[PDB]
């Protein structure tokens, strides 16, 4: 039984991979082919059964099932965190963002500050995993889904300076419309939505 799943790398690392030994013992008859992507994925061209991705749940020709929330907050190194006492202090440093719209402007507005200047030093990332590597090394303040990075928080490599969160999308497991479903697919789906 062959199940091929493309997984946004953040989710693979922060959520799924720790859980795959559970899906091993509980369904030892399914041969899981896992590939990662940077949330830009052509499931048809890649021959994926399922796709795990980040966003709002509205993809053309695609049936999406919600998996879990992806609430974002500033994350930074302990070195930078020690110089950050209020949200405006974040603007002492470069901002790290994704290719998606509005992340820093929405977060700043949400906690009652003005958006950053349009010419603030920013670096754009295709993957939150790379973003948080940059942040660990002090390249700037990241904004990403806190729940995918608890291994850095608990190990103290990253700090979350503020409680406020924003919600610019969630994690979805999705299937192309024209894509036949299967029993291994249902069993994974069921198992994963289950644990979350």
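Positions refer to the first chain, counted from 1.
As the entry records it, the average C-alpha temperature factor is higher for 61-69, out of 61-69 and 160-168. Mean CA temperature factor is higher for 22-30 when stretches 137-145 and 22-30 are set side by side in the entry. Residue 119: CA B factor lies in the highest third for its chain, per the PDB record. Residue 183 sits in the highest third of its chain by CA B factor, as recorded in the PDB entry. In the PDB entry, a CA B factor belonging to the highest third of its chain's modelled residues is recorded for residue 154.
Among the modelled residues of its chain, residue 47 has a C-alpha B-factor that falls in the middle third, as given in the PDB entry. Per-chain ranking of the deposited C-alpha B factor places residue 100 in the middle third.
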